[PDB]
file data-v7.pdb (PDB, C-alpha atoms)
ATOM      1  CA  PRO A   1      33.986 164.050  52.757  1.00  0.00           C
ATOM      2  CA  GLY A   2      36.615 162.807  55.206  1.00  0.00           C
ATOM      3  CA  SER A   3      38.254 165.984  56.517  1.00  0.00           C
ATOM      4  CA  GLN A   4      38.951 169.093  54.428  1.00  0.00           C
ATOM      5  CA  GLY A   5      42.721 169.313  54.196  1.00  0.00           C
ATOM      6  CA  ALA A   6      43.920 170.049  57.728  1.00  0.00           C
ATOM      7  CA  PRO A   7      46.493 172.815  57.147  1.00  0.00           C
ATOM      8  CA  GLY A   8      49.556 171.459  58.936  1.00  0.00           C
ATOM      9  CA  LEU A   9      47.088 170.488  61.660  1.00  0.00           C
ATOM     10  CA  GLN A  10      47.532 174.167  62.634  1.00  0.00           C
ATOM     11  CA  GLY A  11      51.258 173.458  63.075  1.00  0.00           C
ATOM     12  CA  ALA A  12      53.762 170.594  63.138  1.00  0.00           C
ATOM     13  CA  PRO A  13      56.670 171.687  65.362  1.00  0.00           C
ATOM     14  CA  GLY A  14      56.307 170.210  68.832  1.00  0.00           C
ATOM     15  CA  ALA A  15      59.299 169.786  71.128  1.00  0.00           C
ATOM     16  CA  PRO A  16      61.339 171.222  68.212  1.00  0.00           C
ATOM     17  CA  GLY A  17      61.091 174.872  69.171  1.00  0.00           C
ATOM     18  CA  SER A  18      61.604 174.348  72.890  1.00  0.00           C
ATOM     19  CA  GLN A  19      64.520 174.141  75.315  1.00  0.00           C
ATOM     20  CA  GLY A  20      67.651 173.036  73.485  1.00  0.00           C
ATOM     21  CA  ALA A  21      70.417 172.728  76.069  1.00  0.00           C
ATOM     22  CA  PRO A  22      71.387 173.929  79.567  1.00  0.00           C
ATOM     23  CA  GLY A  23      73.314 177.171  79.828  1.00  0.00           C
ATOM     24  CA  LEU A  24      76.766 178.012  81.153  1.00  0.00           C
ATOM     25  CA  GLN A  25      75.880 181.385  82.715  1.00  0.00           C
ATOM     26  CA  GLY A  26      77.139 184.841  81.820  1.00  0.00           C
ATOM     27  CA  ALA A  27      80.124 183.904  83.944  1.00  0.00           C
ATOM     28  CA  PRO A  28      80.447 181.769  87.086  1.00  0.00           C
ATOM     29  CA  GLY A  29      81.046 184.701  89.395  1.00  0.00           C
ATOM     30  CA  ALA A  30      84.645 185.757  88.975  1.00  0.00           C
ATOM     31  CA  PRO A  31      86.437 185.459  92.334  1.00  0.00           C
ATOM     32  CA  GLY A  32      87.668 188.755  93.705  1.00  0.00           C
ATOM     33  CA  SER A  33      91.313 189.813  93.961  1.00  0.00           C
ATOM     34  CA  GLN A  34      92.894 186.976  95.925  1.00  0.00           C
ATOM     35  CA  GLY A  35      96.571 186.161  96.337  1.00  0.00           C
ATOM     36  CA  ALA A  36      99.243 187.350  98.753  1.00  0.00           C
ATOM     37  CA  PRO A  37      98.278 188.731 102.188  1.00  0.00           C
ATOM     38  CA  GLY A  38     101.812 190.116 102.553  1.00  0.00           C
ATOM     39  CA  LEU A  39     102.634 190.832 106.188  1.00  0.00           C
ATOM     40  CA  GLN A  40     105.144 190.067 108.952  1.00  0.00           C
TER      41      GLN A  40
ATOM     42  CA  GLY B   1      36.594 166.786  47.613  1.00  0.00           C
ATOM     43  CA  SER B   2      37.400 165.624  51.138  1.00  0.00           C
ATOM     44  CA  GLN B   3      41.142 166.463  51.331  1.00  0.00           C
ATOM     45  CA  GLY B   4      41.413 164.676  54.705  1.00  0.00           C
ATOM     46  CA  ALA B   5      43.633 165.934  57.537  1.00  0.00           C
ATOM     47  CA  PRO B   6      47.124 164.553  56.843  1.00  0.00           C
ATOM     48  CA  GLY B   7      48.714 167.581  58.499  1.00  0.00           C
ATOM     49  CA  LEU B   8      51.598 167.168  60.896  1.00  0.00           C
ATOM     50  CA  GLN B   9      50.775 168.457  64.365  1.00  0.00           C
ATOM     51  CA  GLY B  10      52.852 169.723  67.258  1.00  0.00           C
ATOM     52  CA  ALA B  11      53.457 173.434  66.607  1.00  0.00           C
ATOM     53  CA  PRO B  12      52.042 174.102  70.097  1.00  0.00           C
ATOM     54  CA  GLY B  13      54.887 171.954  71.421  1.00  0.00           C
ATOM     55  CA  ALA B  14      57.192 174.772  70.271  1.00  0.00           C
ATOM     56  CA  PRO B  15      55.321 177.939  71.311  1.00  0.00           C
ATOM     57  CA  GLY B  16      58.562 179.684  72.134  1.00  0.00           C
ATOM     58  CA  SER B  17      58.892 177.111  74.925  1.00  0.00           C
ATOM     59  CA  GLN B  18      62.350 178.263  75.941  1.00  0.00           C
ATOM     60  CA  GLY B  19      64.131 176.177  78.538  1.00  0.00           C
ATOM     61  CA  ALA B  20      67.584 177.716  78.539  1.00  0.00           C
ATOM     62  CA  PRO B  21      68.096 178.805  82.164  1.00  0.00           C
ATOM     63  CA  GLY B  22      67.758 182.457  83.070  1.00  0.00           C
ATOM     64  CA  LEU B  23      69.888 182.867  86.197  1.00  0.00           C
ATOM     65  CA  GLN B  24      72.030 180.360  88.080  1.00  0.00           C
ATOM     66  CA  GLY B  25      75.570 180.396  89.429  1.00  0.00           C
ATOM     67  CA  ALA B  26      75.808 184.124  88.672  1.00  0.00           C
ATOM     68  CA  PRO B  27      78.046 185.339  91.513  1.00  0.00           C
ATOM     69  CA  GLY B  28      81.507 184.238  92.577  1.00  0.00           C
ATOM     70  CA  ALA B  29      83.705 184.926  95.595  1.00  0.00           C
ATOM     71  CA  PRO B  30      87.436 184.341  96.122  1.00  0.00           C
ATOM     72  CA  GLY B  31      88.892 187.814  96.463  1.00  0.00           C
ATOM     73  CA  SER B  32      90.978 188.237  99.627  1.00  0.00           C
ATOM     74  CA  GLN B  33      94.365 188.748  98.011  1.00  0.00           C
ATOM     75  CA  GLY B  34      96.189 190.476 100.835  1.00  0.00           C
ATOM     76  CA  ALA B  35      93.282 191.713 102.950  1.00  0.00           C
ATOM     77  CA  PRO B  36      95.234 189.676 105.526  1.00  0.00           C
ATOM     78  CA  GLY B  37      98.116 192.087 105.008  1.00  0.00           C
ATOM     79  CA  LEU B  38      98.495 191.853 108.769  1.00  0.00           C
ATOM     80  CA  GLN B  39     101.551 193.979 109.514  1.00  0.00           C
TER      81      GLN B  39
ATOM     82  CA  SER C   1      41.167 161.243  48.805  1.00  0.00           C
ATOM     83  CA  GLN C   2      38.173 160.534  51.047  1.00  0.00           C
ATOM     84  CA  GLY C   3      39.187 160.748  54.706  1.00  0.00           C
ATOM     85  CA  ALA C   4      42.980 160.989  54.807  1.00  0.00           C
ATOM     86  CA  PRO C   5      46.206 159.871  53.051  1.00  0.00           C
ATOM     87  CA  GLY C   6      46.889 156.814  55.194  1.00  0.00           C
ATOM     88  CA  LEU C   7      48.631 158.897  57.845  1.00  0.00           C
ATOM     89  CA  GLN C   8      47.747 161.169  60.749  1.00  0.00           C
TER      90      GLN C   8
ATOM     91  CA  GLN D   1      34.822 175.728  53.846  1.00  0.00           C
ATOM     92  CA  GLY D   2      34.957 176.469  50.130  1.00  0.00           C
ATOM     93  CA  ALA D   3      38.737 176.721  50.494  1.00  0.00           C
ATOM     94  CA  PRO D   4      40.086 174.003  52.822  1.00  0.00           C
ATOM     95  CA  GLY D   5      43.059 175.377  54.688  1.00  0.00           C
ATOM     96  CA  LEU D   6      42.508 178.647  52.848  1.00  0.00           C
ATOM     97  CA  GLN D   7      44.852 181.639  53.084  1.00  0.00           C
ATOM     98  CA  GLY D   8      44.375 181.500  56.831  1.00  0.00           C
ATOM     99  CA  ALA D   9      45.687 183.870  59.462  1.00  0.00           C
ATOM    100  CA  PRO D  10      48.939 185.524  58.312  1.00  0.00           C
ATOM    101  CA  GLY D  11      51.797 185.999  60.717  1.00  0.00           C
ATOM    102  CA  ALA D  12      55.050 184.177  61.119  1.00  0.00           C
ATOM    103  CA  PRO D  13      57.335 187.216  61.304  1.00  0.00           C
ATOM    104  CA  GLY D  14      59.061 186.128  64.467  1.00  0.00           C
ATOM    105  CA  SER D  15      58.937 188.286  67.561  1.00  0.00           C
ATOM    106  CA  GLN D  16      62.344 189.847  67.984  1.00  0.00           C
ATOM    107  CA  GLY D  17      62.971 187.931  71.194  1.00  0.00           C
ATOM    108  CA  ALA D  18      65.168 189.692  73.702  1.00  0.00           C
ATOM    109  CA  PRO D  19      68.905 189.310  73.052  1.00  0.00           C
ATOM    110  CA  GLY D  20      70.508 186.624  75.165  1.00  0.00           C
ATOM    111  CA  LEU D  21      72.021 187.553  78.518  1.00  0.00           C
ATOM    112  CA  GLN D  22      74.722 190.232  78.668  1.00  0.00           C
ATOM    113  CA  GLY D  23      78.221 189.422  77.531  1.00  0.00           C
ATOM    114  CA  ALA D  24      81.044 189.341  80.011  1.00  0.00           C
ATOM    115  CA  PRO D  25      80.379 192.602  81.862  1.00  0.00           C
ATOM    116  CA  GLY D  26      82.438 194.458  84.421  1.00  0.00           C
ATOM    117  CA  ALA D  27      82.442 197.719  86.333  1.00  0.00           C
ATOM    118  CA  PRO D  28      84.697 199.735  84.013  1.00  0.00           C
ATOM    119  CA  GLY D  29      87.870 200.445  85.934  1.00  0.00           C
ATOM    120  CA  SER D  30      91.194 199.091  87.104  1.00  0.00           C
ATOM    121  CA  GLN D  31      91.333 197.671  90.613  1.00  0.00           C
ATOM    122  CA  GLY D  32      94.264 199.826  91.577  1.00  0.00           C
ATOM    123  CA  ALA D  33      95.435 199.890  95.141  1.00  0.00           C
ATOM    124  CA  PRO D  34      98.123 202.203  96.529  1.00  0.00           C
ATOM    125  CA  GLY D  35     101.211 200.305  97.564  1.00  0.00           C
ATOM    126  CA  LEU D  36     102.466 199.879 101.106  1.00  0.00           C
ATOM    127  CA  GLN D  37     104.899 201.595 103.443  1.00  0.00           C
ATOM    128  CA  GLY D  38     107.398 203.304 101.186  1.00  0.00           C
ATOM    129  CA  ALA D  39     110.627 204.344 102.864  1.00  0.00           C
ATOM    130  CA  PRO D  40     111.479 200.895 104.235  1.00  0.00           C
ATOM    131  CA  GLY D  41     112.599 201.989 107.673  1.00  0.00           C
TER     132      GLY D  41
ATOM    133  CA  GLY E   1      33.983 177.184  46.029  1.00  0.00           C
ATOM    134  CA  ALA E   2      37.787 177.320  45.924  1.00  0.00           C
ATOM    135  CA  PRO E   3      38.951 174.259  47.876  1.00  0.00           C
ATOM    136  CA  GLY E   4      42.450 175.171  49.034  1.00  0.00           C
ATOM    137  CA  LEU E   5      44.033 178.623  49.300  1.00  0.00           C
ATOM    138  CA  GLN E   6      46.841 179.907  51.597  1.00  0.00           C
ATOM    139  CA  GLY E   7      49.407 178.837  48.981  1.00  0.00           C
ATOM    140  CA  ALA E   8      51.579 181.375  50.740  1.00  0.00           C
ATOM    141  CA  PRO E   9      50.946 181.046  54.482  1.00  0.00           C
ATOM    142  CA  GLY E  10      49.490 184.381  55.514  1.00  0.00           C
ATOM    143  CA  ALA E  11      52.512 186.539  56.334  1.00  0.00           C
ATOM    144  CA  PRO E  12      55.417 184.533  57.758  1.00  0.00           C
ATOM    145  CA  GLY E  13      58.305 186.921  58.304  1.00  0.00           C
ATOM    146  CA  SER E  14      60.314 183.807  59.139  1.00  0.00           C
ATOM    147  CA  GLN E  15      57.818 181.115  60.226  1.00  0.00           C
ATOM    148  CA  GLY E  16      60.347 180.525  63.005  1.00  0.00           C
ATOM    149  CA  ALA E  17      62.879 182.242  65.270  1.00  0.00           C
ATOM    150  CA  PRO E  18      64.032 185.224  63.178  1.00  0.00           C
ATOM    151  CA  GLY E  19      67.526 186.563  63.719  1.00  0.00           C
ATOM    152  CA  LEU E  20      68.691 187.080  67.286  1.00  0.00           C
ATOM    153  CA  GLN E  21      68.115 190.512  68.799  1.00  0.00           C
ATOM    154  CA  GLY E  22      70.717 193.049  69.807  1.00  0.00           C
ATOM    155  CA  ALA E  23      72.813 191.449  72.505  1.00  0.00           C
ATOM    156  CA  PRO E  24      73.095 193.756  75.542  1.00  0.00           C
ATOM    157  CA  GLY E  25      76.504 195.383  75.815  1.00  0.00           C
ATOM    158  CA  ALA E  26      78.176 194.092  78.949  1.00  0.00           C
ATOM    159  CA  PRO E  27      80.069 196.782  80.889  1.00  0.00           C
ATOM    160  CA  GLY E  28      83.822 196.582  80.650  1.00  0.00           C
ATOM    161  CA  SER E  29      85.678 196.549  83.943  1.00  0.00           C
ATOM    162  CA  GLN E  30      89.465 196.544  84.055  1.00  0.00           C
ATOM    163  CA  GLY E  31      92.129 194.547  85.844  1.00  0.00           C
ATOM    164  CA  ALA E  32      93.128 194.904  89.475  1.00  0.00           C
ATOM    165  CA  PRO E  33      96.260 197.077  89.641  1.00  0.00           C
ATOM    166  CA  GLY E  34      96.022 196.689  93.393  1.00  0.00           C
ATOM    167  CA  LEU E  35      98.755 197.186  95.977  1.00  0.00           C
ATOM    168  CA  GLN E  36     102.046 198.160  94.353  1.00  0.00           C
ATOM    169  CA  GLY E  37     105.630 197.900  95.515  1.00  0.00           C
ATOM    170  CA  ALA E  38     106.401 200.608  98.030  1.00  0.00           C
ATOM    171  CA  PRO E  39     110.034 201.758  97.683  1.00  0.00           C
ATOM    172  CA  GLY E  40     109.423 205.116  99.341  1.00  0.00           C
TER     173      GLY E  40
ATOM    174  CA  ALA F   1      39.976 175.054  44.441  1.00  0.00           C
ATOM    175  CA  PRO F   2      43.463 176.436  45.120  1.00  0.00           C
ATOM    176  CA  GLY F   3      46.210 174.643  46.993  1.00  0.00           C
ATOM    177  CA  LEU F   4      46.687 174.652  50.759  1.00  0.00           C
ATOM    178  CA  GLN F   5      50.337 175.643  50.421  1.00  0.00           C
ATOM    179  CA  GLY F   6      52.180 177.913  52.834  1.00  0.00           C
ATOM    180  CA  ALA F   7      51.415 176.957  56.425  1.00  0.00           C
ATOM    181  CA  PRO F   8      48.485 176.023  58.680  1.00  0.00           C
ATOM    182  CA  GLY F   9      45.820 178.558  57.768  1.00  0.00           C
ATOM    183  CA  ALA F  10      48.587 180.911  56.690  1.00  0.00           C
ATOM    184  CA  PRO F  11      51.943 180.886  58.501  1.00  0.00           C
ATOM    185  CA  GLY F  12      52.836 179.778  61.974  1.00  0.00           C
ATOM    186  CA  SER F  13      54.166 182.915  63.641  1.00  0.00           C
ATOM    187  CA  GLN F  14      57.248 182.814  65.850  1.00  0.00           C
ATOM    188  CA  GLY F  15      59.846 184.861  67.694  1.00  0.00           C
ATOM    189  CA  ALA F  16      63.297 185.905  66.589  1.00  0.00           C
ATOM    190  CA  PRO F  17      65.819 184.597  69.138  1.00  0.00           C
ATOM    191  CA  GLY F  18      67.923 187.084  71.029  1.00  0.00           C
ATOM    192  CA  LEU F  19      71.651 187.566  70.567  1.00  0.00           C
ATOM    193  CA  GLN F  20      73.503 186.714  73.761  1.00  0.00           C
ATOM    194  CA  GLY F  21      74.271 190.075  75.325  1.00  0.00           C
ATOM    195  CA  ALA F  22      77.389 191.723  74.003  1.00  0.00           C
ATOM    196  CA  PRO F  23      80.352 191.083  76.321  1.00  0.00           C
ATOM    197  CA  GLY F  24      82.114 193.772  78.273  1.00  0.00           C
ATOM    198  CA  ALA F  25      85.281 193.481  80.340  1.00  0.00           C
ATOM    199  CA  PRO F  26      84.943 192.018  83.824  1.00  0.00           C
ATOM    200  CA  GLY F  27      87.445 193.295  86.373  1.00  0.00           C
ATOM    201  CA  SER F  28      87.753 195.613  89.342  1.00  0.00           C
ATOM    202  CA  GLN F  29      88.536 199.257  90.078  1.00  0.00           C
ATOM    203  CA  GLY F  30      90.902 201.051  92.408  1.00  0.00           C
ATOM    204  CA  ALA F  31      93.776 203.469  92.825  1.00  0.00           C
ATOM    205  CA  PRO F  32      96.919 201.520  91.893  1.00  0.00           C
ATOM    206  CA  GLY F  33      99.271 203.602  94.017  1.00  0.00           C
ATOM    207  CA  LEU F  34     102.765 202.174  94.246  1.00  0.00           C
ATOM    208  CA  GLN F  35     102.797 202.870  97.983  1.00  0.00           C
ATOM    209  CA  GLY F  36     100.185 204.250 100.334  1.00  0.00           C
ATOM    210  CA  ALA F  37     102.919 206.113 102.191  1.00  0.00           C
ATOM    211  CA  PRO F  38     106.714 206.003 102.510  1.00  0.00           C
ATOM    212  CA  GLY F  39     107.614 204.474 105.848  1.00  0.00           C
TER     213      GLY F  39
END
call {"tool": "encode", "arguments": {"input": "data-v7.pdb", "output": "structure tokens"}}
result
Amino acid sequence: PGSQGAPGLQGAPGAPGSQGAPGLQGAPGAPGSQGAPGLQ
Amino acid sequence: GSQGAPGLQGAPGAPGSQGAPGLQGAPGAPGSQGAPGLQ
Amino acid sequence: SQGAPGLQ
Amino acid sequence: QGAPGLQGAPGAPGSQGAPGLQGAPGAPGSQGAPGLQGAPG
Amino acid sequence: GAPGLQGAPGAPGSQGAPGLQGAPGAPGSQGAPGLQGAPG
Amino acid sequence: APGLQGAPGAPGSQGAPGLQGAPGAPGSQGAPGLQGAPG
């Protein structure tokens, strides 16, 4: 009589199945072509 | 006969709840190689 | 097996 | 019900979530630049 | 009548996070063959 | 009276992750002339 077999209480996985870890970005924007401003 | 409700719960805690960032730090900068070619 | 298996 | 739990609602195929962000992209081409004054003087 | 059922859960293709989808193809730029030596 | 096997009322659906976009080749474009003009 006490509850008719809750099927996985509709689902177990809580926080598991959420954000896992911060990203590192496609690439921290690659600096342009720097170097020598040859002159003088 | 009964069967209770032992079931583990929490599935809603993982409803595709992605947290991995979408966009941040994308662009860069340093690119003036010789733009100051200055004669 | 009446109300639950000693764990929710 | 006369089938606790019971077959229930099918479906755990897994939506084909969008592929992660692009790989290392780049405007296809070589950043060429013509040189400088040629004949020195 | 038939206490139970769902022995196989409905239709779980994976029940979680199937294989990752086709990663976008990042464009391929090339190096910076910028200013070159100017013998002239 | 069958079993309640499988998953909560049948399976818990989900979403296939996405493969991190295929790389490319970062860089820059230009005309790599050896000299703009002889002096």
call {"tool": "interface_residues", "arguments": {"input": "data-v7.pdb", "of": "chain B", "to": "chain D", "cutoff": "12 Å", "atoms": "all atoms listed in the file", "output": "PDB file with C-alpha atoms, in the frame of the given file"}}
result
ATOM      1  CA  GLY B   1      36.594 166.786  47.613  1.00  0.00           C
ATOM      2  CA  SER B   2      37.400 165.624  51.138  1.00  0.00           C
ATOM      3  CA  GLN B   3      41.142 166.463  51.331  1.00  0.00           C
ATOM      4  CA  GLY B   4      41.413 164.676  54.705  1.00  0.00           C
ATOM      5  CA  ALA B   5      43.633 165.934  57.537  1.00  0.00           C
ATOM      6  CA  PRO B   6      47.124 164.553  56.843  1.00  0.00           C
ATOM      7  CA  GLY B   7      48.714 167.581  58.499  1.00  0.00           C
ATOM      8  CA  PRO B  15      55.321 177.939  71.311  1.00  0.00           C
ATOM      9  CA  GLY B  16      58.562 179.684  72.134  1.00  0.00           C
ATOM     10  CA  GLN B  18      62.350 178.263  75.941  1.00  0.00           C
ATOM     11  CA  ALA B  20      67.584 177.716  78.539  1.00  0.00           C
ATOM     12  CA  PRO B  21      68.096 178.805  82.164  1.00  0.00           C
ATOM     13  CA  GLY B  22      67.758 182.457  83.070  1.00  0.00           C
ATOM     14  CA  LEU B  23      69.888 182.867  86.197  1.00  0.00           C
ATOM     15  CA  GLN B  24      72.030 180.360  88.080  1.00  0.00           C
ATOM     16  CA  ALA B  26      75.808 184.124  88.672  1.00  0.00           C
ATOM     17  CA  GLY B  31      88.892 187.814  96.463  1.00  0.00           C
ATOM     18  CA  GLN B  33      94.365 188.748  98.011  1.00  0.00           C
ATOM     19  CA  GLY B  34      96.189 190.476 100.835  1.00  0.00           C
ATOM     20  CA  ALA B  35      93.282 191.713 102.950  1.00  0.00           C
ATOM     21  CA  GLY B  37      98.116 192.087 105.008  1.00  0.00           C
ATOM     22  CA  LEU B  38      98.495 191.853 108.769  1.00  0.00           C
ATOM     23  CA  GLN B  39     101.551 193.979 109.514  1.00  0.00           C
TER      24      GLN B  39
END
call {"tool": "interface_residues", "arguments": {"input": "data-v7.pdb", "of": "chain A", "to": "chain D", "cutoff": "6 Å", "atoms": "all atoms listed in the file", "output": "PyMOL selection string"}}
result
chain A and resi 4-5+7
call {"tool": "closest_atom_pairs", "arguments": {"input": "data-v7.pdb", "of": "chain E", "to": "chain A", "cutoff": "10 Å", "atoms": "all atoms listed in the file", "output": "tab-separated table"}}
result
residue	atom	partner	partner_atom	distance
E:3	CA	A:4	CA	8.3
E:4	CA	A:5	CA	7.8
E:6	CA	A:7	CA	9.0
E:9	CA	A:7	CA	9.7
E:16	CA	A:17	CA	8.4
E:17	CA	A:17	CA	8.5
E:26	CA	A:26	CA	9.7
E:31	CA	A:33	CA	9.4
E:32	CA	A:33	CA	7.0
E:33	CA	A:33	CA	9.8
E:34	CA	A:33	CA	8.4
call {"tool": "residues_around", "arguments": {"input": "data-v7.pdb", "residues": "residue D:18", "least_positions_apart": "5", "cutoff": "7 Å", "atoms": "all atoms listed in the file", "output": "JSON, numbers by chain"}}
result
{"E": [21], "F": [17, 18]}
call {"tool": "residues_around", "arguments": {"input": "data-v7.pdb", "residues": "residue D:29", "least_positions_apart": "6", "cutoff": "8 Å", "atoms": "all atoms listed in the file", "output": "number ranges by chain"}}
result
E: 28-31; F: 27-30
call {"tool": "closest_residue", "arguments": {"input": "data-v7.pdb", "among": "B:8, B:19, B:27, B:14", "to": "chain E", "atoms": "all atoms listed in the file"}}
result
B:14
call {"tool": "resolve_selection", "arguments": {"input": "data-v7.pdb", "expression": "the PyMOL selection byres ((chain A) within 12 of (chain C))", "output": "PyMOL selection string"}}
result
chain A and resi 1-6+8-9+12
call {"tool": "write_last_selection", "arguments": {"input": "data-v7.pdb", "atoms": "C-alpha atoms", "output": "compact mmCIF listing (two decimals), keeping the file's coordinate frame"}}
result
# COMPACT_ATOMS: atom_id res chain seq x y z
CA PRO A 1 33.99 164.05 52.76
CA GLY A 2 36.62 162.81 55.21
CA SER A 3 38.25 165.98 56.52
CA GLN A 4 38.95 169.09 54.43
CA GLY A 5 42.72 169.31 54.20
CA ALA A 6 43.92 170.05 57.73
CA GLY A 8 49.56 171.46 58.94
CA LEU A 9 47.09 170.49 61.66
CA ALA A 12 53.76 170.59 63.14
call {"tool": "atom_distance", "arguments": {"input": "data-v7.pdb", "atom1": "atom CA of residue F:22", "atom2": "atom CA of residue A:16"}}
result
26.7 Å
call {"tool": "interface_residues", "arguments": {"input": "data-v7.pdb", "of": "chain F", "to": "chain B", "cutoff": "8 Å", "atoms": "only C-alpha atoms", "output": "PyMOL selection string"}}
result
chain F and resi 12+14-15
call {"tool": "residues_around", "arguments": {"input": "data-v7.pdb", "residues": "residue E:36", "least_positions_apart": "6", "cutoff": "9 Å", "atoms": "all atoms listed in the file", "output": "ChimeraX atom specification"}}
result
/D:32-36 /F:32-36
